[PDB]
Every structure is written in structure tokens, then in C-alpha cells.
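What follows is calculated from the coordinates using simple rules that are stated; it is not laboratory data. Cβ coordinates were reconstructed from backbone atoms using ideal geometry, including for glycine residues, and neighbour counts include every protein chain displayed.
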Amino acid sequence: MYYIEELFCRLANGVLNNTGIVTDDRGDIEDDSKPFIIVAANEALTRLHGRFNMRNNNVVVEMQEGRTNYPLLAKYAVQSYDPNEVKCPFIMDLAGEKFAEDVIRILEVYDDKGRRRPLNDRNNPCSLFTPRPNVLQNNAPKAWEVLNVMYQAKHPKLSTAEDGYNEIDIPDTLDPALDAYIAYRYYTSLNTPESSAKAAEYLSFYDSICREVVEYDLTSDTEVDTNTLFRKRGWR
Amino acid sequence: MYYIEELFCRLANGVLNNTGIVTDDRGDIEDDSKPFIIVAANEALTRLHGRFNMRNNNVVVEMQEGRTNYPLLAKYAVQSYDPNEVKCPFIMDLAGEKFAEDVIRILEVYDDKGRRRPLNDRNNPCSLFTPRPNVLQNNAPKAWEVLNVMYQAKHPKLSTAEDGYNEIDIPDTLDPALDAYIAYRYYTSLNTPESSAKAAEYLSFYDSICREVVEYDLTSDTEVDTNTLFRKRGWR
Amino acid sequence: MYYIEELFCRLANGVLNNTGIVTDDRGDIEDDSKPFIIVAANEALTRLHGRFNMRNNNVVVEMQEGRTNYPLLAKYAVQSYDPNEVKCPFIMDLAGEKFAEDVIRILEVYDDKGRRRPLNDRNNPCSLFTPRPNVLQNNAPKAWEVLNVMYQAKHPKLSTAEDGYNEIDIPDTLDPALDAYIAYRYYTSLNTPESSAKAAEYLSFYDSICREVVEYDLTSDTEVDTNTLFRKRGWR
Amino acid sequence: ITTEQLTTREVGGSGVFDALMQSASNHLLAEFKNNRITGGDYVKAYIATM
């Protein structure tokens with residue numbers, strides 16, 4: 001983990017060392033050009049967390065009577081809901097761990113009693129459904145039913161504001177991939193043909209780094225488990 | 001889930017930073033060209049919702065005697081209709097968001113009795129028909145028959161006008177695809193060989209992102225369910 | 001559905017944004033150049049309704065004694081026939097739904113008694129024949145015989161006149177295809193070699209959009225029905 | 001004779017260089033409204049005569 005300022009220094013003394021958006025001392029990016037990097041940086045982090053299952057985070061959802069669709073939005077969180085239009089929040093989080101709507105793909109759902117709940121099983125009456133990728137639907141809200149949703153999560157969105165996040169938590173082996181994508185976005189913005197050729201090199205380099213990680217499995221992406229169907233099938 | 005204002009800021013500080021369509025501070029797009037982006041934005045969202053089954057929505061249709069064709073148009077809804085033109089609307093959206101007229105493909109139809117009505121079955125006497133993609137036809141309207149239609153829904157049309165729709169609801173992993181497609185239309189409209197080559201690259205990048213999503217299945221597009229034909233065929 | 005004026009705005013702020021036939025405010029096409037777009041627009045709609053079976057419309061034809069050939073022309077409609085040269089019309093329509101000669105291909109014919117009538121069956125004496133694509137021939141006109149013809153129909157021809165049609169009813173997923181074909185026609189008209197290369201790109205893009213719709217079947221073109229030959233063949 | 005008369009910093013001014021630019025642009029724009037040259041083609045020819 002490191003501050004976004006270190007990212008600015010690394011870009012200043014890295015791929016963007018010969019650019020006009022760096023300071024005279026090569027210590028930081030130009031202040032007016034900082035939001036350009038921030039937008040690209042968030043985009044790059046989203047792609048990395050999609051190809052690689054690096055972060056697995058879980059959330060707690062409380063079933064409310066008379067409600068079937070449960071969007072996973074921060075406006076329904078207890079720490080961020082507005083009482084004027086929301087009767088009561090159903091997403092529970094902590095003051096220092098506010099929900100940031102970092103949901104990418106739902107993996108599994110367990111209720112408060114410890115039973116696995118099938119998802120998108122059309123032939124199963126008790127199964128849950130997801131009409132939208134970030135919306136959870138329950139067709140039978142009970143009295144004290146509480147659901148826990150474990151999902152693949154993206155990195156929290158960076159922001160230059162003081163209250164916003166200002167740290168990066170990614171495997172250090174993917175740092176060249178992050179720099180390459182940011183460099184690709186910058187050089188692609190310039191429409192000069194010379195910059196276009198340079199932009200393609202970084203994008204190709206970024207893809208090469210990603211496949212190298214997959215080839216050696218440096219992020220423990222591959223997962224195996226002991227066989228259980230042998231007992232269930234009754235082979236004995 | 002962000003408003004239309006952030007899209008202009010993201011594009012100004014993103015792919016369209018170099019072009020002159022942005023303000024002097026690169027903070028917003030010129031008002032003279034805002035509708036140009038809106039037309040491209042609406043086109044881009046339709047393409048994404050066609051390839052991916054991201055959004056699923058259902059509507060309630062009340063059968064009226066003497067009418068066999070039931071177009072799924074906004075003017076026939078209980079909300080946002082003209083009482084002078086249509087005497088009794090047959091589309092009910094009394095609660096939640098209004099009907100946005102975002103029908104692409106009908107998936108299944110269930111009546112109020114709880115059974116499933118066959119769709120486009122020419123050999124079935126009691127099957128419904130769709131002479132047009134957005135028009136539902138019933139050949140025997142009953143006294144109290146009510147039909148529910150489940151369909152793949154596109155994003156509602158965006159508009160910068162007053163009292164319009166100005167919110168974007170797409171998975172965050174598809175944001176680079178949205179920017180690439182919009183940039184593709186802008187550069188290809190200049191009729192310049194230098195810009196034409198740049199436009200082709202953005203289109204390929206947009207297609208590359210979409211196939212990446214399918215490869216890793218970040219939208220949970222696939223769907224499987226427990227086999228029920230095993231008991232139906234009497235295998236036992 | 002939307003007015004043709006919205007089509008003009010969409011083209012003005014779309015593919016034709018950098019053309020000399022648009023207004024200074026990019027709000028509308030030049031008035032003297034409007035008929036050029038209208039001719040191209042009607043041509044584009046015909047191609048789309050041919051590849052895709054989007055619109056299925058039916059007409060009612062009354063058999064007249066002493067007449068075997070029944071052309072499907074508006075001059076034989078009750079709402080548009082001239083009594084000076086026509087003794088009596090045989091095509092029946094309504095005042096607000098005047099027949100527009102939108103016949104493309106005949107699909108099936110049913111008589112007033114509900115019996116399917118074979119078409120172009122040379123070995124069947126009671127079968128009907130079509131010497132021309134838009135002409136229906138009956139070799140045995142009875143007393144009270146009335147025939148209903150269900151056919152694939154084209155979109156009604158657009159016209160800038162007030163009494164003519166001024167609305168477009170096509171699936172919104174095909175709007176880029178409509179714009180691409182119109183753009184192709186415009187750029188092909190210009191004989192400059194630079195415009196020729198640009199024209200081919202839109203035509204290729206138009207073809208790509210059409211195949212994408214077919215690939216995902218967004219218009220419900222594919223149709224299936226329950227098997228009936230099993231009972232007829234006597235397999236039991 | 002001063003450098004101001006030769007050309008003005010503003011486009012379309014009273015400078016001799018400015019007059020040629022506007023005169024050349026108007027002739028190209030005449031065919032632009034005649035629907036024979038695209039916008040990208042028009043600007044390319046305008047730059048080539050700078």
C-alpha cells in the first residue's frame with residue numbers, strides 16, 4: 001500500500017518522464033492535469049480487478065417487509081442514507097468501512113442460519129434472482145431473514161479530495177501493468193501519428209504483463225478443493 | 001450510478017481531452033455540441049444492452065375488450081398519458097419508476113391466474129403473437145384477464161432537457177466501452193484521414209473490451225438451472 | 001416511434017454533422033436538400049424490412065364475380081377508388097388505416113370460413129396462384145367468398161407533405177443501421193475519392209450491425225412451434 | 001508601413017495576409033454550401049494554402 005502521491009512520483013519518474021505535464025523537478029504531475037490521471041487510474045484498476053480475482057469482499061443485507069428488490073447502492077447504507085426519503089436502511093456497514101458500491105459480480109449468498117442460497121436457479125422456487133448485476137431480488141422476505149452476499153469487489157475509487165480514498169492496495173507485481181495502461185491512455189489522447197505508435201506499445205506491454213502473471217499464477221488465482229461428489233454420489 | 005454531468009467531465013478529462021470540443025479548463029463540453037454527445041450516448045447504451053442481458057424489467061398489461069393489439073408505448077401507461085386522447089390506459093406503473101418505453105425482446109408472459117402463456121406458437125390455439133417486436137397481440141381478450149410481460153430492457157433515453165432522464169445505470173466495468181464508442185463516432189465524423197485511422201482504433205478497443213467481459217463473465221450473462229425434464233420424461 | 005424531424009436532428013448531430021447540407025445551428029438539414037434524405041430514408045427502410053421479418057400486416061379482399069386477378073393496389077381500395085372507372089372496390093380498409101400498397105411477400109391466405117388456402121400449388125386444383133408478387137389470382141370466385149391475406153409488410157413511405165406519413169416505427173436497435181445506410185448514400189453521391197473511402201466504411205458498418213442483430217436475435221426473428229406431424233403421421 | 005498592416009493577430013482583420021485568408025476561405029465555403037466538399041476536405045485545402 002502507498003499514497004497516490006507516490007503514484008504521481010512514480011509516473012513522473014517513469015513512463016511520463018518526457019512529458020509536458022510533469023513539474024520542472026520531475027517530482028509531481030501538474031496540478032491542473034491531475035484529474036486526467038485520476039480518471040485513467042480508476043479505469044485501469046477496474047480492468048485489473050476484473051481479469052484477476054484479487055479482492056473478495058462481503059456485505060450484509062437485512063430483509064425488509066414489503067420489499068423484494070434490494071439495490072446495492074450507498075444511499076441504502078446505514079452510514080449514508082438520507083432519512084428524508086428512506087424509511088430505514090437495509091445495508092449494514094461501519095463508520096470507518098462505509099459501503100462504496102464496489103460490487104462487480106456476486107459469488108455466493110448465505111443466510112443468517114448458515115444455509116447456502118442458490119442464485120439464478122429458475123427451476124428452484126426458493127432460489128434468488130438478480131435482474132441487474134448490482135441488484136439483489138428476494139421473492140419471499142421473512143421476518144428475521146438476514147442475507148450475507150460475498151462478491152468480487154473492485155478497488156475503491158480514488159479521489160484527490162481529503163475525505164476520499166488516497167491509497168492503492170494492489171499486488172506490487174502488477175505495478176508495471178498499471179503504469180502501462182495509464183501511459184496508453186495518455187499517448188492515445190494525443191492525435192499525432194508518432195504518439196499513436198508509442199501508445200500501442202504500452203498497451204501491448206500491458207497485455208503481456210497480465211498474461212505473464214496468469215502463466216505463473218502469482219496472484220493465487222487458481223483454486224482447488226477436496227472432492228465431495230464421491231460421497232454424495234454414493235460410490236463409497 | 002452517476003448523473004449525466006459526470007459523464008461530460010469524465011469525457012473532457014478522458015478520451016476527448018485533446019480535441020477542441022471541451023472548454024478552456026477541460027472541465028465540461030460546449031453547450032453547442034452537448035446534444036451531439038447525447039445522440040452518441042443513447043446509441044452506445046443501446047448496443048451494450050443488446051449484446052448483454054444486463055437489465056430485465058416486467059410490465060403489467062390489463063386486457064380491454066375490442067382491442068387485440070397492445071403496443072408497449074409510453075402514451076398507453078397509467079402515468080404520463082393524455083386522458084383526452086386515450087380514455088383508459090392499460091399499462092400499470094402506479095408504483096416505482098414510470099414506464100420508460102425500453103422494450104427490446106419479449107422473454108416470457110404470465111397471466112394473473114399464475115400460468116404461463118405460450119408465445120409465438122403457431123400450432124398452439126391459446127398462444128400469443130407478436131406481429132411487431134414492441135407490439136403484443138392477444139386473440140381473445142377476457143373480462144378480467146391481466147398479463148405480465150418479462151422482457152430484456154434497454155437503458156432509458158437520456159436527455160439534457162428539463163424534467164428529462166439524466167442518470168446512467170450501467171456496470172462500471174463497461175465504462176471504457178462507452179467512452180470508446182462515443183469517441184469512435186466523434187472522430188469518424190470529421191472526414192479526415194488522420195482522424196479516420198484514430199476512429200478505427202477506438203472501435204476495435206470497444207469490441208476488445210466487450211469480448212473481455214464475455215471471456216471472464218463479469219456480467220453473469222450465463223444462466224443454468226436444475227434439470228426438470230428428468231422427472232417429466234419419467235426416467236425416475 | 002418519433003417524428004421525421006427528430007430523424008433530421010439525429011442526422012444533423014450525427015453522421016452528417018460535418019456536411020454542408022446542415023443548418024448553421026446543426027439543428028436541421030437544409031430545406032432544399034430534404035427530399036434527398038427522404039428518398040434515401042425510404043430505400044433504407046425497405047432493405048431492413050426485407051432481411052428482418054419485423055412487420056406482419058394483413059388485408060381483406062372480397063371476391064368479385066367475373067374477376068380472377070386481384071391486384072393489391074390502392075386504386076382498388078374502398079377509401080381510394082375512383083368511381084368513374086372502378087365499378088366497385090374489393091379491398092376493404094378503414095378511413096384512418098388506408099391501404100398503402102406495402103405488400104412485400106405473401107405468407108398465408110385464409111378464407112372467411114377459416115380454411116387455409118394453399119398458394120402456388122400447381123398440382124392442387126383449389127390452390128391459389130400469384131402471377132405477380134403483388135397480384136393475387138383466384139380461379140374460382142364464389143358468391144360470398146372473402147379472402148384474408150397475411151403478408152410481410154414494408155414501412156409506409158415517408159413524405160414531407162402534411163397529409164403524408166411523418167413517423168418512423170422501427171426497433172431502436174436498428175437506428176445506427178438506418179443512419180449508416182443514409183450516410184453511405186450521401187457520401188457515395190460525392191465523386192471525390194476521399195468520400196468514396198468514407199462511404200464504404202458506413203456500408204460495412206451497416207452490414208455489421210445487421211449481422212449482430214441476427215446473431216443475438218434481438219428482433220425475435222427465429223420462430224418455432226410444437227410438432228404436429230407426430231399425430232398426423234400416426235406414430236402415436 | 002508597419003507589421004500591423006501586413007497582418008493582424010485576429011483572423012479576418014484588415015491585414016493583407018488576413019484578407020487573403022478570408023477570401024480563400026469564402027471561395028472554398030461557396031462549394032461547401034453547394035454540397036460537393038466535406039468539412040474535413042474543406043479545412044485540409046484551406047491549411048495547404050497558408
Inset, instruction - Grab the eigenvalues of the alpha-carbon gyration tensor for region A:172-236, scale each by 5, take roots, and send me the semi-axes largest first in whole angstrom. - result: 44, 11, 8
Legend entry - region A:161-231: GluC sites (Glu not before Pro) in DSSP loop, at most 15 other beta carbons within 10 Å: A:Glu162, A:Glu223
Legend entry - Label point 7 Å beyond Cα along the C-beta direction, distances from B:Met150 to other copies (nm, shortest first): 2.7, 2.8
Inset, instruction - Any chance you could get the radius of gyration and Dmax over the Cα atoms of the protein assembly as shown, in Å? - result: 31.0, 108
Legend entry - Cα radius of gyration and Dmax for region A:51-97 (Å): 12.6, 40
Legend entry - Cβ-placed point charges (K, R +1; D, E -1), dipole of region A:114-236 about Cα centre in debye, nearest 20: 1420
Legend entry - Residue with peak Gaussian network fluctuation, chain C [Cα springs, cutoff 10 Å], from C:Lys98, C:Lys154, C:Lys87: C:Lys87
Legend entry - Folded to 0 to 90 degrees: helix A:34-51 orientation relative to chain A principal axis, Cα: 50
Inset, instruction - Quote the charge dipole size of chain A about the Cα centre in Debye, to the nearest 20; the model charges only the Cβ of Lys and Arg (+1) and of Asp and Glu (-1). - result: 1860
Inset, instruction - Using a 10 angstrom cutoff on alpha carbons, build the Gaussian network for chain A and name the most mobile of A:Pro35, A:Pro133, A:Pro83. - result: A:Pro83
Legend entry - Dipole magnitude (debye, nearest 20) for region B:173-236, charges at Cβ of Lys, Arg, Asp, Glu: 640
Legend entry - Cα-derived Rg over Rh, computed across region B:115-236 with Rh taken as Kirkwood radius: 1.13
Legend entry - Ascending list, in nanometres, of distances separating the C:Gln137 label from those of the other copies (7 Å, Cα toward Cβ): 2.8, 5.5
Legend entry - Selection from B:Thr188, B:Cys210, B:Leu229, by position along the positive dipole direction of region B:187-236 (Cβ): B:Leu229
Inset, instruction - Using only the alpha carbons of chain B, determine the length spanned along each of the three principal axes and report them from longest to shortest in whole angstroms. - result: 64, 57, 31
Inset, instruction - Using a 10 angstrom cutoff on alpha carbons, build the Gaussian network for chain B and name the most mobile of B:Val86, B:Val214, B:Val59. - result: B:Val86
Inset, instruction - Please work out how much length the chain gains when fully extended from B:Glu65 to B:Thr226, using 0.36 nm per residue of separation minus the C-alpha to C-alpha distance, in nm with one decimal. - result: 54.0 nm
Inset, instruction - State the Kirkwood hydrodynamic radius of region B:1-114 in Å, one decimal place, computed from all pairs of distinct Cα atoms. - result: 17.7
Legend entry - Packing-based ranking, highest mean first, of C:137-145, C:74-82 given that Cβ atoms within 10 Å are counted: C:74-82, C:137-145
Inset, instruction - Give me the number: length gained by fully extending B:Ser80 to B:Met92, i.e. 0.36 nm times residue separation minus the C-alpha to C-alpha distance, one decimal in nm. - result: 3.2 nm
Legend entry - Charge dipole of the protein assembly as shown about the Cα centre (unit charges at C-beta), most positive-ward option of B:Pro83, C:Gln79, B:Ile21: C:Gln79
Legend entry - Degrees between helix B:175-188 axis and first principal axis of chain B (Cα, 0 to 90, nearest 10): 60
Inset, instruction - Give the angle, between 0 and 90 degrees and rounded to the nearest 10, that separates the Cα long axis of helix D:39-48 from the longest principal axis of the Cα atoms of chain D. - result: 40
Legend entry - Three principal axis lengths of region C:67-148 [C-alpha, angstrom, descending]: 39, 28, 23
Legend entry - Unit charges at the beta carbon, dipole of region B:49-148: most positive-side option, B:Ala95, B:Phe129, B:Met63: B:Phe129
